[PDB]
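Coming up, as structure tokens: structure 1 and structure 2, two forms of one and the same protein chain.
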Structure 1
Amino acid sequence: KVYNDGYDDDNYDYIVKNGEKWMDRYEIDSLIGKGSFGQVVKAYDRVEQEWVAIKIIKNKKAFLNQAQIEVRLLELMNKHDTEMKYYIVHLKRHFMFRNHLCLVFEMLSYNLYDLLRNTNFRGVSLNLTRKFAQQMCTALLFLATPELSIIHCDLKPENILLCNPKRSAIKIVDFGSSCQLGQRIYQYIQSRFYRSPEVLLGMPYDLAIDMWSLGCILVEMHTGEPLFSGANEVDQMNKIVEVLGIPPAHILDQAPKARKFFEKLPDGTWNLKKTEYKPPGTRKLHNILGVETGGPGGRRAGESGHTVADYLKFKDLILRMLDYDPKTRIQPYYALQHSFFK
């Protein structure tokens, strides 16, 4: 009949209405996004006199507690980052309104998927990819602060927003599926395209799962297509193996879900389970990037900063990000000191 005196819908979301005024403060403009958490609306704040993005959580206990964990992480980050210089989206405040938790964020521009979409998935240049790579590594360095130890756990182009359309500044949004380092409670985390091997293999994991995601994300920004576009976990692992080969034996011996993907032959080596795919490590990243053939699709031939020497700096950095072992996979601090950012 009527849910929350007619304010909500069957799905517990607030029925957003153009031009509604909340608390004599926020003038609601339009719906900009929707998620399982609920909705995101564009609004004008008449006290601060600026546009804001409001995340209106569903009126239900499961999402209210989830959103509360995000609110805890953002208010903890805002405490450390006062100067607003570590590339995380700023939570201005939060309030309860008609039985909905509302989060007030700074208004940013489109996401990195939208930029890829406007190219018809042909990608952006390497100069712009470097600027996104530099800011993202700085952001992961901030999350690796020992008192934070925050894992975003769902890094992808949609969850990276541009501050301003005419600038290269980006901020990471959406810490709803994020957590601080600790004992393993969850194994089904990260979006499949961006999911680390340790998660695919069902193994212990830490903040290095974000660095794997970042490696996948940076190649997609320049090529325009997902590096590993698995339709299922078995497809995801096979496409990872296509590029990087079979994970080391000492990892697959410890992986619980190792036999979901590989067979252990009588001699001790691990082989792919028969199901198509190129043999392991033959779809070279060297050839995917087109280090010697003028970039992806030859569409970067003759462009500045797109030489073979420049592509090898990017290839090396990306390979260090896609290290199978999370203990030896490159960390934000060392990645920033790479020759690619020189």
Structure 2
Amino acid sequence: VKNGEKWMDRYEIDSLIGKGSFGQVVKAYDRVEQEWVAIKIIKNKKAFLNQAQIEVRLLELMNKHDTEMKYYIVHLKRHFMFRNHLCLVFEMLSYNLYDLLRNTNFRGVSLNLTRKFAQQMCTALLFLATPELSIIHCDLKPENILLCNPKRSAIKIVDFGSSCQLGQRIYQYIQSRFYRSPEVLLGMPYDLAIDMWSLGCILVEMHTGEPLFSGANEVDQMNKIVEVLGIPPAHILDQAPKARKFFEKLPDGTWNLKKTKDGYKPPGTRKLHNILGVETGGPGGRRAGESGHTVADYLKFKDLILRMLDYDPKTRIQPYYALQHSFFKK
């Protein structure tokens, strides 16, 4: 698009912030408001235009709800069509939580900073669950959570490009694989609980520095989930279109892993207890003796994460109840 380019006697393009599947995000000066903005420029192809039109509708739907809880979502200032590209104008934010992890050399941030991110993200999910909204983000991951300010720990969620209201589902294959819920891996109709699953994955990663479940493909993904959480419950597998991609039903109505050639730990034996280092000074023992990282602080964190990683989307913890958990009590 080129630095120095002027649009509509209003925006002056400075530089490329980021590239997406959708098109590109540029830094631009708005002469009317007298402020810098992020312009998300959608590719001039029907597929990307039509999905971005849904993104604009969902962001405008959120903006018309003035509540405390709306201010953890990136603000869409406005949108327009230019040279046959849909253009979404956002507030400027800072760098993403993946960059934050990269900057720790993938050793993770403190339990105290993790808690601050968790509380903001739980508040965002509570907003999206407002009945009149019922928005599923569908692509929650560190790259999609941005700091408001490089000096501060305020965050906002970005990228509602995959997002849908409950009962407006388009695609069965959604979420980034590391953050994909068992219900999506199993080809089941999904609801807002898929974001809470992603969040559990994100919070463990923010503290250990490494993805909790880094599958190379869906079969590897489900195997890595099973290593930590065991075989999913029969009542879920009995209703799952894709259960037999991963599991086999026994004579007695019981399920087991499909095994391929080895060259995984037995189901439920890679304990989150050990991944977090609850009784061993935190991830890789690197938090030994630091304040805010006692066994008791760890056990509360472990408890909240295991509720976020319930296999059953029905009983998985919901945003309001996550905000009341002891992990967030002084």
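Numbering runs along the sequence of structure 1, starting at 1. Residues that one form lacks are left out of the comparison. Superpose the two forms; the largest set of C-alphas matching within 1.5 Å is the rigid core.
Asker: Fit the core first: which of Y86, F105, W270, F193 then shifts its CA by 2 Å or more between the two structures?
Answerer: Among the listed residues, the one whose C-alpha moves by 2 Å or more is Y86.
Asker: So, superposing on the core, is the move of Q183 at the CA at least 2 angstroms between the two structures?
Answerer: Superposed on the core, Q183 moves its C-alpha 2 Å or more between the two structures.
Asker: For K327, what C-alpha shift in Å results between the two structures following superposition on the rigid core?
Answerer: Shift of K327 at C-alpha, rigid core superposed: 0.3 Å.
Asker: Could you check how much the CA of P204 shifts between the two structures after a rigid core fit, in angstrom?
Answerer: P204 is displaced by 2.0 Å at its C-alpha.
Asker: Lining up the core, where do at least three residues in a row all have CA moves of 2 Å or more between the two structures?
Answerer: 81 to 86, 183 to 186 are the stretches that move between the two structures.
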